[PDB]
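Cβ sites come from the backbone with ideal geometry, for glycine too, and all protein chains shown count toward neighbours. What is reported rests on the model, the rules as stated and the sources as named; none is laboratory data.
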Amino acid sequence: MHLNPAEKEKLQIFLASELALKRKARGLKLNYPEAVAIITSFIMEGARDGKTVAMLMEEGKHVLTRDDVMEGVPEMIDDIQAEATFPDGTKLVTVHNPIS
Amino acid sequence: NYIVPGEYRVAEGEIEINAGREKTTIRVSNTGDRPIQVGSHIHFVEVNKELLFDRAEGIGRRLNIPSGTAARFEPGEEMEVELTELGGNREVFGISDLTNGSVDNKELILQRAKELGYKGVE
Amino acid sequence: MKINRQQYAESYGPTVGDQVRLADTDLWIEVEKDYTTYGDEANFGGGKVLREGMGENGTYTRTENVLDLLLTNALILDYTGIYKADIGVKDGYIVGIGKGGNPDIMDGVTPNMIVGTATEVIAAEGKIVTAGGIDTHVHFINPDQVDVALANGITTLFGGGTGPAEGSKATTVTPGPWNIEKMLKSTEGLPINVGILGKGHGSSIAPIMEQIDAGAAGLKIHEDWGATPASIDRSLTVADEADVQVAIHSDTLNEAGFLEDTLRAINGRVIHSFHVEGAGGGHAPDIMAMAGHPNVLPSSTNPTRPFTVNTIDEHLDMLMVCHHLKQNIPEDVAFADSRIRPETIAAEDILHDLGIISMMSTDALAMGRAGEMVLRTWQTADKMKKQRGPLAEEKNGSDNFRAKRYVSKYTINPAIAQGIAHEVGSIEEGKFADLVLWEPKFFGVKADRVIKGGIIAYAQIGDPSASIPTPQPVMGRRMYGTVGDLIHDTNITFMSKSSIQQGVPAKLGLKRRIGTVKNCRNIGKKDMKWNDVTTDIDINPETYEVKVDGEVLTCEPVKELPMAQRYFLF
Ligand code: NI
Ligand code: NI
Ligand SMILES: [O-]
């Protein structure tokens with residue numbers, strides 16, 4: 001496989017994301033860490049799909065609505081930034097106030 | 001009863017910076033091409049050459065703007081700015097290496113300024 | 001010019017009269033005073049004030065008052081008070097509380113806080129800075145628990161144990177000279193301040209003193225070894241001769257005598273009580289009266305704090321499991337009823353609220369969780385504020401008094417008790433540099449930056465492969481202060497005066513800074529800060545009721561509490 005430590009670290013993000021997706025599908029309101037996990041995993045998957053940075057930033061703000069999470073969580077996250085390998089190299093994607 | 005952690009409930013009132021000091025207002029014009037950013041606490045005689053103003057008054061004074069904030073000067077754009085005293089020991093060293101000592105010996109500062117071609121000297 | 005309060009607070013931090021809320025709780029701290037002067041605030045970054053020829057000096061060398069590190073615009077909260085100021089440390093020692101900057105161009109700069117070319121700047125704008133938490137009940141059973149302790153701003157672990165051993169699991173002791181020397185040698189790899197407690201049992205002075213002369217920092221008297229009054233007498237004699245603290249885990253079976261027998265055995269001396277509430281052990285059921293004596297320093301373990309609707313069942317099950325209790329014998333049932341008693345916990349809530357109990361600890365991996373001492377302390381504080389309402393000393397609708405009293409329970413009071421006050425335990429000049437920086441929204445969950453000895457040791461930091469440090473996943477990682485040979489310089493290992501004078505570190509090859517324990521047998525319950533009340537504690541032998549000042553103490557367990565699932569993944 002040949003993995004630098006970065007991939008081993010992002011695998012934890014993917015694990016947290018799938019756990020959060022299971023919890024949300026069950027019918028619970030998410031709290032801060034797994035909401036962050038969902039947002040960052042959607043960003044990474046969208047980057048892998050082949051979207052641009054601007055459209056990724058645009059759709060990052062319409063993935064979680066404020067009534068899917070715990071009370072007061074929307075104020076936890078000012079922004080979320082992640083490293084993602086776009087078809088032309090690794091880039092940093094930052095989305096502000098992702099939940100509103 | 002919405003809950004937000006780390007939220008502040010600030011009191012009623014206003015914060016004044018540089019209390020009990022004399023305030024001056026001068027006209028600054030940029031005759032250069034590249035835009036110029038100027039900090040708050042940076043001394044106002046060691047500023048860039050291309051700046052044009054009454055350099056004589058701008059000895060031993062600094063910008064009366066909130067700390068960390070900066071003033072921007074576009075090419076060919078002039079504006080009025082506010083200056084206040086530089087308190088404490090009133091000794092200044094370094095920067096552009098023009099004063100390198102007390103601020104009461106303005107003659108040496110002006111002589112070095114017009115020797116090195118600083119604009120606005122009077 | 002005029003500056004609105006909101007923008008100033010957002011860009012620099014709260015000022016006089018501003019209140020800040022600690023996490024999801026309902027607690028607000030109001031800044032009592034401030035040392036900096038408006039308009040002369042110091043901040044770093046591109047185009048900021050701290051530069052050569054500006055508020056950063058550029059002439060003086062290291063010796064001429066030039067600092068080595070400064071935290072700017074921090075918000076100190078200690079037993080001395082709550083105020084916003086700048087922190088300056090040099091050579092790993094806190095040297096200045098005040099405002100930092102060049103006195104050449106600024107006004108009102110404290111003379112000892114000159115910042116020059118050889119300084120480091122850390123921007124603590126909008127962050128809460130606290131002294132390193134002190135832990136007094138740590139069972140050394142796992143070397144990966146030091147990271148869990150560090151994640152809660154704990155910088156001093158004081159306990160015994162040699163790993164996953166039977167006695168190490170049961171009690172926090174380091175029996176004998178050989179084992180204690182081995183533990184001292186193994187202490188080099190732990191990036192934390194460490195104190196080692198030896199076995200405090202025996203029938204002669206010499207075997208007990210041999211441990212203190214080997215490098216012990218205190219003594220533990222646990223029931224499973226045998227807490228006979230003779231052992232208490234011998235340990236106390238060795239202690240006051242050697243000027244070290246003694247921790248007592250009182251008998252629970254009453255096989256050797258009741259509580260009054262132990263009370264006479266101590267004979268009015270100064271002792272430190274472990275888990276005075278009694279769930280973890282003690283004289284069933286009237287142990288808690290030790291909280292009322294003017295010469296006994298109380299403490300508490302975490303798993304009973306605060307009182308929720310699930311403590312009793314889990315406590316009964318762990319008592320079932322650890323001690324191999326069975327349900328085919330009614331003696332085990334009687335033991336469970338006589339040990340886990342809800343009325344006493346409901347009373348301990350108020351006694352913590354009323355300042356009766358002065359400290360708080362963990363008892364890690366020994367019926368107590370290492371990584372939630374501050375968490376559970378603040379949970380108890382918020383629950384008591386919700387239930388019993390505001391205290392009698394509150395003014396202007398602020399919770400300064402409660403915050404000070406509850407923060408004295410895990411930073412300064414254990415330092416007073418253990419005699420290590422003059423090096424650590426508070427933000428004060430002349431003390432070591434062990435600081436914890438929290439974000440206000442994360443206060444009590446995850447420490448943002450833990451700094452030991454002037455070098456950042458732990459941090460909630462993001463991915464190492466990014467161009468900037470924030471991107472996910474942010475996790476707790478040990479910084480450069482816990483790698484290489486730098487660990488030997490940012491840590492203090494506490495050690496007895498007698499064993500220090502004997503050149504024990506030289507014989508062992510110790511390399512960390514060696515700390516001295518002193519001024520320990522001269523103190524009592526009258527010296528603790530904000531928690532110095534002594535009274536009568538009445539425990540009804542049958543009804544298990546608790547009466548204080550002729551009034552029954554009890555509280556109802558709550559179903560939901562903050563500081564909870566809103567933050568944790570699981
Ligand atoms: Ni114990
Ligand atoms: Ni213990
Ligand atoms: O214990």
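Here's the yes/no breakdown for (1) within 16 Å of ligand 3 (Cβ to nearest atom); (2) in a loop (DSSP other than H, G, I, E, B); (3) in contact with a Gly (Cβ under 7 Å, 6 or more places away or on another chain):
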site	(1), (2), (3)
C:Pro303	yes, yes, yes
C:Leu319	yes, no, no
C:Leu325	no, yes, no
C:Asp332	no, no, no
C:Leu351	no, no, no
C:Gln387	no, no, no
C:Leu391	no, yes, no
Those residues of segment C:179-193 which are within 30 Å of C:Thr252 (Cα to Cα) and surrounded by fewer than 24 Cβ atoms within 10 Å (Cβ to Cβ) amount to C:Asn179, C:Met183
Is it the case that segment B:9-22 has a residue that's surrounded by 15 or more Cβ atoms within 10 Å (Cβ to Cβ), outside any loop (DSSP other than H, G, I, E, B), of a type outside the set (D, E, K, R) and facing another protein chain (nearest Cβ under 9 Å)? yes
Only one of (1) touching a helix residue (DSSP H, G or I) at 6+ places or on another chain (Cβ under 6 Å); (2) in contact (Cβ under 8 Å) with a residue 60 or more places away in the chain; (3) among the small types (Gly, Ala, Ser) fails for C:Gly200. Which number is that? (2)
For segment C:245-278, enumerate the residues that are within 11 Å of ligand 1 (Cβ to nearest atom) and crowded, with 22+ Cβ neighbours inside 10 Å. C:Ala247, C:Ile248, C:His249, C:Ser250, C:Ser273, C:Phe274, C:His275, C:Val276, C:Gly278
Give just the number: which of (1) free of Cβ contacts under 8 Å to residues at least 60 places away in the same chain; (2) closer than 25 Å to C:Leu157 by Cα does C:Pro390 not satisfy? (2)
Are any residues in segment C:145-169 over 19 Å from C:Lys185 (Cβ atoms) and either assigned to a loop (DSSP other than H, G, I, E, B) or within 12 Å of ligand 3 (Cβ to nearest atom) (or both), and if so, which ones? C:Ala151, C:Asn152, C:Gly153, C:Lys169
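Listed here are the residues, each with its yes/no results for (1) in contact with a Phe, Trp or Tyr (Cβ under 6 Å, 6 or more places away or on another chain); (2) in contact (Cβ under 8 Å) with a residue 60 or more places away in the chain; (3) more than 8 Å from chain C (Cβ to nearest Cβ).
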site	(1), (2), (3)
B:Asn1	no, no, yes
B:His41	no, no, no
B:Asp54	no, yes, yes
B:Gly60	no, no, yes
B:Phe73	no, no, yes
B:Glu77	no, no, yes
Counting just the residues of segment B:45-89 that are in a loop (DSSP other than H, G, I, E, B) and among the aliphatic types (A, V, I, L, M), which one comes out surrounded by the most Cβ atoms within 10 Å (Cβ to Cβ)? B:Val45
Matching option when the condition is free of Cβ contacts under 8 Å to residues at least 60 places away in the same chain, assigned to a loop (DSSP other than H, G, I, E, B) and either in contact with a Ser or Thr (Cβ under 6 Å, 6 or more places away or on another chain) or of a type in the set (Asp, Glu) (or both), among A:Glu59, A:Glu34, A:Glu71, A:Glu18: A:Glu71
Condition check for C:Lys529: over 30 Å from A:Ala16 (Cβ atoms), assigned by CATH to the domain that holds C:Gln379, assigned to a loop (DSSP other than H, G, I, E, B) and in contact with a strand residue (DSSP E or B) (Cβ under 9 Å, 6 or more places away or on another chain): no
Do we have C:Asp240 as part of a helix (DSSP H, G or I), away from every other protein chain (no Cβ under 14 Å), farther than 20 Å from C:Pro207 by Cα and away from ligand 1 (no atom under 15 Å from the Cβ) here? no
Which condition does C:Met106 not pass, out of (1) closer than 26 Å to C:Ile412 by Cα; (2) part of a loop (DSSP other than H, G, I, E, B), if it passes all the others? (1)
Please go through segment C:39-53 and pick out each residue that is at the interface with chain B (Cβ under 7 Å from one of its Cβ atoms), surrounded by fewer than 20 Cβ atoms within 10 Å (Cβ to Cβ) and in contact (Cβ under 8 Å) with a residue 12 or more places away in the chain. C:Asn43, C:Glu52
Which of the residues belonging to segment C:5-31 are more than 8 Å from chain B (Cβ to nearest Cβ), in a helix (DSSP H, G or I) and closer than 29 Å to C:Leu375 by Cβ? C:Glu10
Unique residue being surrounded by fewer than 23 Cβ atoms within 10 Å (Cβ to Cβ), in the same structural domain as C:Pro562 (by CATH) and either closer than 27 Å to C:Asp240 by Cβ or within 16 Å of ligand 2 (Cβ to nearest atom) (or both) when the list is C:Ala334, C:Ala289: C:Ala289
Within segment C:204-230, considering residues that are part of a loop (DSSP other than H, G, I, E, B), of a type outside the set (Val, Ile, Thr) and more than 16 Å from ligand 1 (Cβ to nearest atom), the one surrounded by the most Cβ atoms within 10 Å (Cβ to Cβ): C:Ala216
